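Student: take this sequence and fold it.
(6 chains)
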Amino acid sequence: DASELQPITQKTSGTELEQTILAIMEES
Amino acid sequence: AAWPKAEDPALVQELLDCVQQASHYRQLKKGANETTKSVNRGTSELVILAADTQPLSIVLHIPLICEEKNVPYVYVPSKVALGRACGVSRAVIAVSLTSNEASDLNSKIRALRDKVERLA
Amino acid sequence: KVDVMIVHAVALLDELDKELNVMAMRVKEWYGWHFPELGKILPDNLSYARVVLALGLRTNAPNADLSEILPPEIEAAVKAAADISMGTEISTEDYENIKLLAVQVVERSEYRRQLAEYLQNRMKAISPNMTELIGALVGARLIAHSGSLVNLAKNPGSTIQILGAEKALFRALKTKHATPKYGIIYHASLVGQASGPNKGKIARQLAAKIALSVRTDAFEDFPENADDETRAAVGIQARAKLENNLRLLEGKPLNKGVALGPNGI
Amino acid sequence: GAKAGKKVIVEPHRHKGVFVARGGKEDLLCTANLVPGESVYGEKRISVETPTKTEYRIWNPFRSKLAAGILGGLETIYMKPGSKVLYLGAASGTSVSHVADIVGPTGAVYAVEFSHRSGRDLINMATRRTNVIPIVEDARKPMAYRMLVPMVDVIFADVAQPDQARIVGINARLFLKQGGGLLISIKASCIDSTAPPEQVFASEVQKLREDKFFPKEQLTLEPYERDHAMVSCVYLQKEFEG
Amino acid sequence: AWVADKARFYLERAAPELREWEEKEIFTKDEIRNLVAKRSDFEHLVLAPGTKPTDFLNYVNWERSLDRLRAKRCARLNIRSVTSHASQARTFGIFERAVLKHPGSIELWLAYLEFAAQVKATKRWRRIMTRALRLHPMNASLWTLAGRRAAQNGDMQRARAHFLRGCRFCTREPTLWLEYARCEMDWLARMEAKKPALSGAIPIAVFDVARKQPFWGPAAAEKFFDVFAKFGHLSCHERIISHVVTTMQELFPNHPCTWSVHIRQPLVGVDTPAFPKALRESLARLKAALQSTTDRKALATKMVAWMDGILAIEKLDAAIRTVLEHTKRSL
Amino acid sequence: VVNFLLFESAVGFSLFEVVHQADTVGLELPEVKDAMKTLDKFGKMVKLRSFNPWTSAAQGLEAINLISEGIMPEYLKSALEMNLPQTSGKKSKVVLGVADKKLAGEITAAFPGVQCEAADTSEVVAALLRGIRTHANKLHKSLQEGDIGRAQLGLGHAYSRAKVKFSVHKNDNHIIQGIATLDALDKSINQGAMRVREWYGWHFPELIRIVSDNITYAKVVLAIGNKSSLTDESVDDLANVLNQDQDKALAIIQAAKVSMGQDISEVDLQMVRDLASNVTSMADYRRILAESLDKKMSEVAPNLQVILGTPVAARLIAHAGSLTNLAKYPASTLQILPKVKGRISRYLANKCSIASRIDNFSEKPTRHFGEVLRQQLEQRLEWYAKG
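Tutor: Numbers count the residues shown, from 1 in each chain, chains lettered A, B, ... in the order given. Structure data below:
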């Protein structure tokens, strides 16, 4: 299904922004 | 600057032997201006250029006309050897050896320019 | 009043127009390496030189001021094309030469404009009747071709009609073709309003009135406390009469026809 | 000869965009100059003052194989004014200026050169002419300029390579319309130096037919160059346009 | 153009709703002939070759006004049997072939999203939003609409998904970055008002990644501070503001924007005796800023703009007001 | 079986979603070729799903210089993350169609759930991307701002110039057009000076007999005012115009005292001094061009400058057309552009060809080879005197 835009994970994280935001939310 | 440079294993000496053969056959033009005029008149089949030239811009200006007219060109590493092979008693930095409709030198010309087109 | 300044100033004006056109084309080809789409946006070469002056390189385009020389809806496309163009980058050390040639051609244009104003003032000084008839530039062209004022005054009106068209005139006269209808007179104001054969009719009438006005301005004396409004009296009267004749020739009605119904009856 | 200052008259050729200027003792071929008042490589050009901006430039057949083929008498050259032309083997941009002058301002000439100093000469003449774009890349790898070349109508191919038919085959598979015109200039001494030239030309025509072209004309452009041929072919159809 | 044969299907589909409206007493027969003629003219205009998004929007507006008119008339004539579902289905059909024909028109995409949100279609709205974002990925307005509606729904993970893909794409202008910091701090305020999150490190991380972007100017960092300075009633707001000020001071030392944030820093959550105390602190900072070596015209224009923002509020003292006027006039 | 396909063009990259995919067995069939021709039967196949334009020509240049080399860019990875359904290839894959095989391998290595089909290997996706390249102007025109022709033109120029490094060693246009300007305005300076000389010697005819150097003539008719208001060494001018106290100014003033020419008016004197200001402004611009053109010639071709001299050297450059044409010509063509005179001419043509090719084919050229050849010409000038 490519119906909607799924939430990002560490596999589909591209940039330093998404890496740092996912690191903070993983430490949460 | 000279990217179609000839390498050692019996290609430089095949080139200079064909040069001496054409100079005996009187089918060869010597020096930069005569090579330029022969390429621009289109009679040239192959052109040998020295690479030991004090500043190299002469045998850098000749490949532009050779690439525009689409004739093969190749650098041998010694202008003293090129003059000795021609039989000049002067150092020659550019040699263009022409085409004729009937010879036996043209087989050496054809094999040589096949090797040069593989070198490019 | 002496007319050697008139013939010299109008020859200088023609040569200045030629040299200014060639220097403006040269600064177009000379700045088109750095910004080529500007020559397509601005076809007027004076404004092109002004933009080469005011707008610096293409990097100074969002911080430029250009509304003083030409209004917007024309010079927002120059900022858009400066953002999207494909000219190669030049150093400022060559932009000094390009800006300085633009300085040169703008100064040549300012000098040519003040030369045109001087030619107008000197023509209203010399020949007020002819200047009231056709204007200073065409009057200066006639003085230039004839050589002087008293040399123009010895000409008939048929000569003054076809001054300047002499090559076509003598070609036609020698080969029994039809002669040209007008010469320098075509680029006056009063023959440019007509259209059709009324153009040639107004050229004849205007050339006759020019001959009368030049003879008056070259031979009549004045008490030297004479106002310009009474020094240009023949020109004022001839221009008013000739405009009345022009509007009659233009208000000549078309041919009547039979108005047919739907049947053909 | 055809000295400077002689008066010639300029009539249209049978082809579109090409003219023939005849006068006195020498009739020569010319194309309308795109940028007037300047020659590219020091050629004789023809100025006519119309009753200024109109100039024609003379097309040397000994220098350019396309003008050699036109004077040989090709049936068509496929490049009308306003047709996109992919030039392969645009060495220094001498004949590419005449192809751009044929296709005019509303056409486009994508000139592919491989060597770099010929690329410098090509970028200079394409700075002058705004409808030729220069592409310095190897014509053997057309994946490099697939962002630059849209689907063109004509291909000119003046490469002197032994893998010339494969180069033109992959370039036409990538950038040529259905029923696409092309002119390939075959040099027999560079294709196969041992074999006779007529057999070399028949083998190259057969290789093009295997690489999906339909050949329609072939002339040996003989009084201008020895052992050269020009083969005209249509890609993926029998008629040219549709 | 097979437009007659193409519009025959849409008219034959809209026919049985007209049969139901005629067999009820809701529309009379002349009015139904008028509805038939108007829908026929609209369909033959819509399915034409040379068409326009304003034509599609005129047809959408007419069908939606017909649904509203029939709703008013049905409530007046006291019928409950007639439903709006066929009208909503055909309006969705108009919009789907509209976005098929003209996908590059954001006015029509936003009108589609407004219609799908207005008649309570959340899942359909999310699918339309995904298609619109795929076609216009550089549009900060579409990205903020997606992220803000997902935050308004409360799916903060989906709001972060839309916002992080948006900040991955829109990096020329600061707009979507400012709106993402605004949405993250609004989530922080929601997490506070519900009483990691205790640190609130995500806008500091947004600032630290925004430090290397192609829009990174001192004016852009001042826009970051002007976003952050709203809703100061939080926990780590002083931490965020102080990090912004020390970043701007360590990077752009003598810029008028950095002197402006040095002026306007200590007035975070003030409205009240703590108001003029921090005002006197900030005015000391401002007087030092005005005498200091900075572009005084730029700093003065910033301060007269902020002072218009100051003068916009009532409930102050007249001596403070007239000394703001006296310090304003000589700038 | 294709699901989506990438398509990169000069305005940006767009990915289409195929519906009703192409028949793969009848690809060489005439009806399917006619379907791929006609837009009314190929737009049923492709439907535009996503579009990503560039932000700037710098981003487009980086896009080509990554894609042609093979490596995918970060924003292409971004748009694929946005448009493709996020999977890993354990139970369901997505078939993407791309034009290049290296880009296929990299997109498959970046997204494990996306199987890429290259157009260089697969004939179905080859014909399908060929149809999209055919109809690419009409599939995008609802969001194609402007055209694609000028974008492809400017982007091909930017890509070729970045590959060649063109602007760092192409410099000769300033020189050749500066020669054109210098000759044109030297002629215009002489013509305007002749005009002001005649039209002021009508008023004061002693100045042509007593004063040459028409630029200094224009300066003295700028500073002299009228015939009546002469004094010799008033302020700041004549001491550095020429000799001051005992040589010239007295002679000009006694020429004014014995002068007999026509009296001029104020407005005519105003126009003559305006023409003289024009002429001397053009003379100042000529000396600025000569200094700047000497500096530019020493930057571009210093060997030709030292062996010939910069005016004649840059004349030769402008008549040849460019330095590349000047270097491609041999020495006899450079002769085209007693006996000892022709012998020195041939020797000079040989050494000028060598200097032209040395100064051209360097990246940033030198001075000492031209110094050596000028010393060689000087020692030959010494050599021909012994005979």
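Student: please make it C-alpha for all contacts and neighbour counts, starting now.
Tutor: Fine.
Student: which non-adjacent residue is nearest residue F:216?
Tutor: Nearest non-adjacent residue to residue F:216, counting by C-alpha to C-alpha, 6 or more residues apart in numbering or on different chains: residue F:241, 7.6 Å away.
Student: do you know how far the one you found is from chain B?
Tutor: Applying C-alpha to the nearest C-alpha, to the nearest Å, the value for residue F:241 to chain B is 49 Å.
Student: contact residues of chain B facing chain D?
Tutor: Contact residues (C-alpha under 8 Å from any C-alpha of the partner chain) of chain B with chain D: B:64, B:67-70, B:110, B:114.
Student: at 7 Å instead, please
Tutor: Contact residues, chain B versus chain D (C-alpha under 7 Å from any C-alpha of the partner chain): B:64, B:67-68, B:70, B:110.
Student: residue F:168: how many residues sit nearby?
Tutor: Look at residue F:168: counted by other C-alpha atoms under 10 Å in any protein chain shown, it has 12 neighbours.
Student: assumed it was part of a helix.
Tutor: No: going by DSSP: H, G, I helix; E, B strand; the rest coil, the assignment for residue F:168 is coil, not a helix.
Student: against residue F:175, how distant is it?
Tutor: Here the criterion is C-alpha to C-alpha, to the nearest Å. By it, residue F:168 lies 15 Å from residue F:175.
Student: what of residue E:132?
Tutor: Residue E:132 sits 54 Å away from residue F:175, going by C-alpha to C-alpha.
Student: ok, now residue C:173?
Tutor: Residue C:173 sits 52 Å away from residue F:175, going by C-alpha to C-alpha.
Student: which element is the closest residue in space to residue F:290 that isn't next to it in sequence on?
Tutor: Closest residue to residue F:290 apart from its sequence neighbours, by C-alpha to C-alpha, 6+ apart: residue F:182 at 7.9 Å. Per DSSP states H and E: residue F:182 is located in helix F:172-201.
Student: again with residue B:113
Tutor: Using DSSP H and E, residue B:113 sits within helix B:105-119.
Student: what distance separates the strand or helix carrying residue D:122 from the centre of its chain?
Tutor: Assigned by DSSP H and E, residue D:122 falls within helix D:116-128. Centroid displacement of helix D:116-128 relative to its chain, using C-alpha atoms, centre = their mean, to the nearest Å, is 17 Å.
Student: which residues sit against it?
Tutor: With contact meaning C-alpha atoms under 7 Å, 6 or more residues apart in numbering or on different chains, helix D:116-128 is reached by B:64, D:91-93, D:113, D:132-134, D:136, F:164, F:166.
Student: now with 8 Å, please.
Tutor: Residues from elsewhere that reach helix D:116-128, judged by C-alpha atoms under 8 Å, 6 or more residues apart in numbering or on different chains: B:64, B:67-68, D:35, D:40, D:90-93, D:97, D:113, D:132-136, F:157, F:164, F:166, F:324.
Student: just checking, next helix/strand downstream of that helix?
Tutor: From helix D:116-128, the next helix or strand downstream (DSSP H and E) is strand D:132-136.
Student: parallel or antiparallel, which strands does that next one pair with?
Tutor: Strand D:132-136 has the following strand partners under DSSP bridges: strand D:108-113 (parallel).
Student: now the strand it pairs with against helix D:116-128, angle please.
Tutor: 160 degrees (axes from the mean of the first three to the mean of the last three C-alpha atoms, to 10 degrees).
Student: could you find the closest non-adjacent residue to residue D:18?
Tutor: Using C-alpha to C-alpha, 6+ apart, the closest residue to residue D:18 is residue D:31 (5.1 Å).
Student: same thing with residue A:5?
Tutor: Of all residues not flanking residue A:5 in the chain, residue E:130 sits nearest, at 6.5 Å (C-alpha to C-alpha, 6+ apart).
Student: surely the one you found meets residue E:113?
Tutor: No: using C-alpha atoms under 8 Å, residue E:130 makes no contact with residue E:113, being 10.8 Å away.
Student: the most far-flung residue of chain D relative to its centre: what secondary structure?
Tutor: Distance to the chain centre peaks in chain D at residue D:51, reaching 32.5 Å (criterion: C-alpha atoms, centre = their mean). Classification of residue D:51 using three-state DSSP returns coil.
Student: show me where chain D has its helices.
Tutor: For chain D, the helices defined by DSSP state H cover D:65-72, D:95-103, D:116-128, D:164-175, D:188-191, D:197-210.
Student: would you map the helices across the chain?
Tutor: Defaulting to chain A. For chain A, helices defined by DSSP H occupy the ranges A:16-27.
Student: sorry, I should have been clearer: chain B.
Tutor: Secondary structure of chain B, counting by DSSP H: helices at B:12-24, B:32-40, B:58-69, B:79-86, B:105-119.
Student: check the stretch 151-300 of chain F too.
Tutor: F:172-201, F:206-210, F:214-223, F:238-241, F:249-257, F:266-300 (DSSP state H, counting those that start in this stretch).
Student: who are the contact partners of residue E:244?
Tutor: Counting by C-alpha under 8 Å, 6+ apart, residue E:244 makes contact with E:207, E:221, E:225.
Student: pick the most deeply packed of the helices of chain D.
Tutor: Highest mean neighbour count of the helices of chain D: helix D:95-103, a mean of 26 (counted as mean count of other C-alpha atoms under 10 Å in any protein chain shown).
Student: what's the angle from that helix to strand D:108-113?
Tutor: Using the same axes, to 10 degrees, the inter-axis angle of helix D:95-103 relative to strand D:108-113 is 170 degrees.
Student: now residue C:190: how far from residue F:260?
Tutor: In this view, residue C:190 and residue F:260 are 45 Å apart by C-alpha to C-alpha.
Student: who has more neighbours, the two?
Tutor: Using other C-alpha under 10 Å, the more surrounded residue of residue C:190 and residue F:260 is residue C:190, with 20 against 12.
Student: follow-up on the earlier one: more neighbours, residue C:173 and residue F:175?
Tutor: residue F:175 (21 against 13).
Student: thought residue F:349 was touching residue F:336?
Tutor: No: with contacts counted by C-alpha under 8 Å, residue F:349 stays clear of residue F:336, the gap being 9.6 Å.
Student: please say which of the two ends up with more neighbours.
Tutor: Higher neighbour count among residue F:349 and residue F:336: residue F:349, with 20 against 7, using other C-alpha under 10 Å.
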